[PDB]
Amino acid sequence: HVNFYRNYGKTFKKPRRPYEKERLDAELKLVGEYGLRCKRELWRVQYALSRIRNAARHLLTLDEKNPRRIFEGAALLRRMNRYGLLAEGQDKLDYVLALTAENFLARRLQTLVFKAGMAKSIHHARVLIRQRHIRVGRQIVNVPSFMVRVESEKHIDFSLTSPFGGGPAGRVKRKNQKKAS
Amino acid sequence: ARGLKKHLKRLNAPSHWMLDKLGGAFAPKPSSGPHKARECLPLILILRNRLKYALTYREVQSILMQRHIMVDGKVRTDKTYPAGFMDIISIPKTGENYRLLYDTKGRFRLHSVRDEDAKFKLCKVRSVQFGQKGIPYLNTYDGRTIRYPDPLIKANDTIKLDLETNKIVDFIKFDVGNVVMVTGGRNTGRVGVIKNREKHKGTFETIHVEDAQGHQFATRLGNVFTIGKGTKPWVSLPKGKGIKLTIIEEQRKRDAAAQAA
RNA sequence: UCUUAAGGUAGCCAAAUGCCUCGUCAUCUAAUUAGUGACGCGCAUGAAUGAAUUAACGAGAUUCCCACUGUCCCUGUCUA
RNA sequence: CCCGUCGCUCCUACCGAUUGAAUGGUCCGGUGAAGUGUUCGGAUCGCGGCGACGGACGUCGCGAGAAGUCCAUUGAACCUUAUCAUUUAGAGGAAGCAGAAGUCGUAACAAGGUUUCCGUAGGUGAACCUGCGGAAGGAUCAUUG
RNA sequence: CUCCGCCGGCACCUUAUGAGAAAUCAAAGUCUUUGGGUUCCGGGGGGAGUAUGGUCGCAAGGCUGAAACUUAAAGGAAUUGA
RNA sequence: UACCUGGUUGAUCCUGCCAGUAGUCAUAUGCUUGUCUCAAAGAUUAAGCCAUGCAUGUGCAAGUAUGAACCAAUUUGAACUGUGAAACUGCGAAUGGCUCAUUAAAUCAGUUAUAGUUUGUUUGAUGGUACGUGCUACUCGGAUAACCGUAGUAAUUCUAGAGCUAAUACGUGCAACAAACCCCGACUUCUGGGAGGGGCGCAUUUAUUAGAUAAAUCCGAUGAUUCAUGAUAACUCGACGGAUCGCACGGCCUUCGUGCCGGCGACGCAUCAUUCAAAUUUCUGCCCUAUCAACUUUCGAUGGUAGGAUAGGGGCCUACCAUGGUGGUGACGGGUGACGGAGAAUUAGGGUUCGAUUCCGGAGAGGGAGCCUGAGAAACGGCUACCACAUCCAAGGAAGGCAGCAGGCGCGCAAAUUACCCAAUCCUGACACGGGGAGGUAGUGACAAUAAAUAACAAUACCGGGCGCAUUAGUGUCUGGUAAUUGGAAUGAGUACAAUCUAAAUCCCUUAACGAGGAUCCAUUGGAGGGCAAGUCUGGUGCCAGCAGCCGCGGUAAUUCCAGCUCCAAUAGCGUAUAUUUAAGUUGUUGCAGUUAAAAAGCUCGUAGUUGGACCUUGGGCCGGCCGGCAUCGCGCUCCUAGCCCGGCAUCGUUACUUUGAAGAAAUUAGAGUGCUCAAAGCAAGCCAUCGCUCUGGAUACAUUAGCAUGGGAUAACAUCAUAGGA
Ligand SMILES: [Mg+2]
Ligand SMILES: [Mg+2]
Ligand SMILES: [Mg+2]
Ligand SMILES: [Mg+2]
Ligand SMILES: [Mg+2]
Ligand SMILES: [Mg+2]
Ligand SMILES: [Mg+2]
Ligand SMILES: [Mg+2]
Ligand SMILES: [Mg+2]
Ligand SMILES: [Mg+2]
Ligand SMILES: [Mg+2]
Ligand SMILES: [Mg+2]
Ligand SMILES: [Mg+2]
Ligand SMILES: [Mg+2]
Ligand SMILES: [Mg+2]
Ligand SMILES: [Mg+2]
Ligand SMILES: [Mg+2]
Ligand SMILES: [Mg+2]
Ligand SMILES: [Mg+2]
Ligand SMILES: [Mg+2]
Ligand SMILES: [Mg+2]
Ligand SMILES: [Mg+2]
Ligand SMILES: [Mg+2]
Ligand SMILES: [Mg+2]
Ligand SMILES: [Mg+2]
Ligand SMILES: [Mg+2]
Ligand SMILES: [Mg+2]
Ligand SMILES: [Mg+2]
Ligand SMILES: [Mg+2]
Ligand SMILES: [Mg+2]
Ligand SMILES: [Mg+2]
Ligand SMILES: [Mg+2]
Ligand SMILES: [Mg+2]
Ligand SMILES: [Mg+2]
Ligand SMILES: [Mg+2]
Ligand SMILES: [Mg+2]
Ligand SMILES: [Mg+2]
Ligand SMILES: [Mg+2]
Ligand SMILES: [Mg+2]
Ligand SMILES: [Mg+2]
Ligand SMILES: [Mg+2]
Ligand SMILES: [Mg+2]
Ligand SMILES: [Mg+2]
Ligand SMILES: [Mg+2]
Ligand SMILES: [Mg+2]
Ligand SMILES: [Mg+2]
């Protein structure tokens, strides 16, 4: 049976100490302020953060003049700068270590939509994303966690179909017009 | 088992075919032929995979049953015929010719050529020895056996072979100072020049080969194949001139092609 | 509590020693007053009256099992 | 605060006559299917000589060749004895544990009212006691007083 | 017999700059700044140094030595009281 | 994330465990459940047992067609024509699928070898003589299917007899030189000869011989061969050396005669090479156990010689001979709920545990065994026998093997449909075409894994903190919320055209018309004394019922039970049980302990094991910008690399250690590129005028040990200059 060979993986890890106030309120800080559905959203981000930090930490144990150091470091640094997760002049691969969970949560499609306007709240933005109401370059991206890159940041906008930035009206809008007529 | 094996499951196929692990459960099993089925490329791959003259296993079947495809001078109907190093693949309907040689990354390429390079191939001799009634003959690594060669062609040497008259038309005496292309290992494809050969009584001998641009590498004598006498080749080297490189260098090349684009 | 010189100790047992008695329990059997192992208010066991064991041995007593067979079912026949 | 015998209830394991029981394996011995090869065998079947005879015969030509059979070899399988291992029954004997609102004492912790304890040995309802040697974990870091 | 020095012993006293849970210890010191060499041995309390097999012994016994099961503590040093 | 908290006490500091706390590509179970993508699934106990159905057949222009049909249909000389079914012939069915019972250096892995073997097929080369007294080819045999027809048996791809007819089935039989050399050898002359005519393809077996050196005409290969190969003498009751089949025509007569030719091909036989492979085979490596210290050897155990057998080496087997082989570095024996690896879970590092399962290797087909055919099988969707189990019978007999796919029973804590298709991947056959329970597609599927709904925005508000007056005020700022308050906007869950999808279907992705007031299109599972996040609420009970992993709660005012209310955590998921990992520095190599907490043997000797003082220049420097290349008081070079007399030479001790490289299956791990809308994934795709094509990619790394090669030669091993038997 082929298709057994397809891979699948895990994206988040549950916390070791279930019930501690200081960790627990800090989590609600992030969840509420970024408009998240559940703690799983935040845990996967931290799991992905830990992946690169282990990667970046491992290279930093290697030395300069190391081909793996040079090749792997630049690719990681490009990946960070490409998503904007690292400021300018920050190209030292010691500042990847300083990176936080806030930054990844400020590149999400949900958060960038609110920071650009268009929404009037973080929680409006999300339902505005899942209701086919926002394209990115030319495609209707309907995942609140899209993780927008810098080059695509300019073209984030309304759809060419969505009543608020596209074409014809919605079901309730047409319903009210027909009952008036 | 109680006999031969007729199936090749895809995960077990040679890595240099670049077959994709979800494209099916099996692979083309290379038929018995002039090449050793792990250093070959069958015909099915060449047509459907690389050239895309076909979309399915059945379509490549039909093409050969029209007989458009010729290999090494002769028309081959076999689907999984084991084409190899320095074969010629020619399609007179399209009027195109190919030599089969390696990338620097060790994968077969169909190297497009004229007619005048289709007339001949190169082969290294496996051995030269007497035979029936003392009639000298030689083994190549292409299965071929040529009787009555020059008494100069010794073992490991390389021969030019006209596909029309079929006998030796030239030969290179394998030794230090000629250009070679490597046909196995991690160094396969990398061309260069024999700088030294150190033998070891009762083992394989090691060849020392240096890229035109300084880089030095070594193989064992099995994976060596002289192309030309001296620095110059007698065949057309592929899209990269047999010079292998660090991963940084091709990273630099793209962005260098990405600064002009 | 009466009493004795001392009140049968370690052990052993329905034993060649137990009346009751064909003791009770188990085992061997189709069926066992027989046998072996236990039990012990032992009519009436018991320490050189030697107590308890015990390999080897025995024309010593006893129970069972395999083989064997006119011992028997059930007699017939042959020789001197 | 605390120890042990004993009485009652339950749980677990131990010894145990019973040539105990069951199951599976192995060593040897006995019998030994079928095949394979070997030896005879020769049903009948192919020039169907010849005699040059009158579809018929025998002298026949050698070559095929079945059933059977002979000796070897592999060898299932069955049976006896043995052995091994894993389960399982047992009169009776005897350990540990736990429970409970029980009986007898008072062994230990204070100099615990005989300081405690270790080895060995003997004795006694029980905890224990006593002899011999040892230890302080002693109730003495001390006699020039 | 008196004084001084060296070596090797049995110890004692005073003190940490040391260690330790502490009592204490100049060796129980030179341990999370963890590595001189090597032998034996422990892994909560019981059951138990018991059962069984082996082996040594005249015997008493020695050496080797479980398990089923049970239980939240058992234990060490020091403090205040009684 | 290299982490701990509750429980011994009146309190304290320890030891030490119990308990909590996280995961599992790790199973079952419970409650719950809307969408998209993805995919494990009768392994665990029973390698237990099977009703039924399927899983292996096959045909080209190119072996054989009046046997009976079909379509041309004949001018009735020749055709069975062109297409064919059946059938004989050839090939295949030894692969794949399934499972993990036996199996503990065994299978297996990395790494070797075959000069010790077989190898249908592919690819390449190669091929004379058969008898003729080698003085150039010497002739054509019956009988069997499909079919016709008689039958037996209850019986089934059980079976008999008669009548025909084919061959690339079967059996015969023509064969190509100088014969190139070699042996006889009438006579000739004397021979060193000329010689008249008699004896010689290739295979096979044996024997003899050739296959050459070393400096003052020898000439193939290997590290190494009586090697490759040649010559000779014979030997075989020789497997062999074409009586085969297609189209296409198209040069020209010799009798102008299918006329002499001569092509490309299909199949076939034989030797060598190659390829697809195996078979053995070297070195190193595997869990627990000594309450398993000896095992093997008569009758093969260890070796020798000669045989036999094999494809071939070998005690593989036989006869004779010797007395060996293994073992505290653990033999032998036992356990394994033990196939091995690639791998998996967990991971600060070091580790611990798992690995039936889709890739590779092995093994088996109810248990044993023995075979036929074939290149290849000790084959089981082949046979033969026995053991067990069972089916039919007309009672004489006959037929068996789901650890293949589906399905049923049983067993269990524990697992899906008796579905569609060869469209993809490939395989197979005589084959472009047939077939494929391989394999793919769909139904069941909360095994695991991904993304992601269950509302958003506004103003009213009895109100509530700041912030504008802060005084005295009051409201008003982010709306924080009871608010079935109110107002329209957003949309998919759903449902439905079509299109797409697909082998055909369905699902997804697109998308006409419907699809929201909160009662509904309503989210649940565990908790609320502590550990541990969240009640000094209210009713019931009264050491009962119950809860409680642990500590504990309950005896009439229960923060712990039973309930309502409210809150807490996670959330389309969560709880429970069991194994395992972490925590555990409570297995301690890194890295624990042993005075009193558990723990120094009564004491000394001693073999193995483990460990072991110092010392032998690379020291004092020239040289050019880490290092070459060198001089000091650097044992040689003839032989290969060898500078314009010269660096940089190989054997006359062995190794570990380190350095670099080779060669290392993929999948998995890490890691580059790439906007599957994101992600888990995949290995793609991206630009062009997202126009007759351009540009491509499909990197790279780790890989413990063992083996191979390269430099270093600090450290550390074993061996060894005093009979001088030294240079
Ligand atoms: Mg093939
Ligand atoms: Mg008495
Ligand atoms: Mg009596
Ligand atoms: Mg009797
Ligand atoms: Mg008696
Ligand atoms: Mg008396
Ligand atoms: Mg008396
Ligand atoms: Mg008496
Ligand atoms: Mg007597
Ligand atoms: Mg007292
Ligand atoms: Mg006292
Ligand atoms: Mg005392
Ligand atoms: Mg006394
Ligand atoms: Mg002194
Ligand atoms: Mg422990
Ligand atoms: Mg203990
Ligand atoms: Mg004590
Ligand atoms: Mg105390
Ligand atoms: Mg740790
Ligand atoms: Mg206490
Ligand atoms: Mg208390
Ligand atoms: Mg625990
Ligand atoms: Mg197979
Ligand atoms: Mg051939
Ligand atoms: Mg021998
Ligand atoms: Mg021999
Ligand atoms: Mg097993
Ligand atoms: Mg199993
Ligand atoms: Mg079965
Ligand atoms: Mg088999
Ligand atoms: Mg079989
Ligand atoms: Mg079957
Ligand atoms: Mg099945
Ligand atoms: Mg609730
Ligand atoms: Mg509760
Ligand atoms: Mg709690
Ligand atoms: Mg709390
Ligand atoms: Mg609970
Ligand atoms: Mg308690
Ligand atoms: Mg509670
Ligand atoms: Mg409650
Ligand atoms: Mg400890
Ligand atoms: Mg102690
Ligand atoms: Mg001592
Ligand atoms: Mg020693
Ligand atoms: Mg080595």
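Restricting to region B:17-41, name every residue that is of a type in the set (A, V, I, L, M) and away from ligand 1 (no atom under 14 Å from the Cβ). Show your work before the answer.
Filtering region B:17-41 down to residues of a type in the set (A, V, I, L, M) leaves B:18-19, B:22, B:25, B:27, B:37, B:41.
Those that are of a type in the set (A, V, I, L, M) and away from ligand 1 (no atom under 14 Å from the Cβ): B:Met18, B:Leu19, B:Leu22, B:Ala25.
Just give me the residues in region B:6-27 being out of contact with any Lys or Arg (no Cβ under 6 Å at 6 or more places or on another chain), more than 14 Å from chain A (Cβ to nearest Cβ) and either under 24 Å from B:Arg144 (Cβ atoms) or more than 6 Å from RNA strand F (Cβ to nearest atom) (or both), in sequence order. Once the filter is applied, which keeps residues that are out of contact with any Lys or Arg (no Cβ under 6 Å at 6 or more places or on another chain), more than 14 Å from chain A (Cβ to nearest Cβ) and either under 24 Å from B:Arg144 (Cβ atoms) or more than 6 Å from RNA strand F (Cβ to nearest atom) (or both), region B:6-27 yields only B:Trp17.
In the condition set (1) at negative phi; (2) touching a residue at least 60 places away in the same chain (Cβ under 8 Å); (3) surrounded by 17 or more Cβ atoms within 10 Å (Cβ to Cβ); (4) not hydrophobic (A, V, I, L, M, F, W, C), B:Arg107 is compliant with all but (3). The set of residues from region A:14-56 being closer than 30 Å to A:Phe71 by Cα and surrounded by 11 or more Cβ atoms within 10 Å (Cβ to Cβ) comprises A:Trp43, A:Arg44, A:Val45, A:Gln46, A:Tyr47, A:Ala48, A:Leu49, A:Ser50, A:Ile52, A:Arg53, A:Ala55, A:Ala56. Specify the residue that is nearest to the other protein chains (Cβ to nearest Cβ); the eligible residues are those in region A:8-27 that are assigned to a loop (DSSP other than H, G, I, E, B) and more than 17 Å from A:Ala48 (Cβ to Cβ). Checked region A:8-27; the qualifying residue nearest to the other protein chains (Cβ to nearest Cβ) is A:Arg16.
Among the listed residues A:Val45, A:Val2, identify the single one that is among the aliphatic types (A, V, I, L, M), within 14 Å of chain B (Cβ to nearest Cβ) and either within 20 Å of A:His123 (Cα to Cα) or out of contact with any strand residue (DSSP E or B) (no Cβ under 8 Å at 6 or more places or on another chain) (or both). Walk me through it before giving the result.
Values: A:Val45 fails: within 14 Å of chain B (Cβ to nearest Cβ).
One residue alone meets the criteria, A:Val2.
If only residues of region B:234-261 that are buried (at least 16 other Cβ atoms within 10 Å of the Cβ) and either under 15 Å from the mean Cα position of the chain (by Cα) or of a type in the set (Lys, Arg) (or both) are counted, the one that is nearest to B:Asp115 (Cα to Cα) is B:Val235. Within region B:131-154, being within 28 Å of B:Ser32 (Cα to Cα) and either within 19 Å of the chain's Cα centre (by Cα) or acidic (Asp, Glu) (or both) holds for B:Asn139, B:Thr140, B:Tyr141, B:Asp142, B:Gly143, B:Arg144, B:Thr145. Checked against (1) out of contact with any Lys or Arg (no Cβ under 6 Å at 6 or more places or on another chain); (2) of a type in the set (S, T, N, Q); (3) more than 6 Å from RNA strand F (Cβ to nearest atom), A:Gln110 meets all criteria but (1).
The combined condition, being more than 16 Å from the chain's Cα centre (by Cα), buried (at least 17 other Cβ atoms within 10 Å of the Cβ) and not in a loop (DSSP other than H, G, I, E, B), is not fulfilled by B:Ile46.
Cβ-Cβ distances below 7 Å connect the following pairs, each with a first residue in region A:70-91 that is away from chain B (no Cβ under 14 Å), a second residue that is of a type in the set (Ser, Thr, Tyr), and a separation of six or more residues or different chains: A:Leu86/A:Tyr95. The set of residues from region B:184-210 being within 19 Å of the chain's Cα centre (by Cα) and either within 9 Å of RNA strand F (Cβ to nearest atom) or among the charged types (D, E, K, R) (or both) comprises B:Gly184, B:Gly185, B:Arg186, B:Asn187, B:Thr188, B:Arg190.
Can you say whether B:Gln66 is near RNA strand F (Cβ under 8 Å from one of its atoms) and within 18 Å of B:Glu96 (Cα to Cα), as far as the supplied structure shows?
Criteria met by B:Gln66.
Quick note: the coordinates plus some simple rules give every number you see, no bench work behind them. Methodologically, a virtual Cβ is constructed for each residue, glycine included, from the backbone with ideal geometry; neighbour enumeration extends over all protein chains shown.
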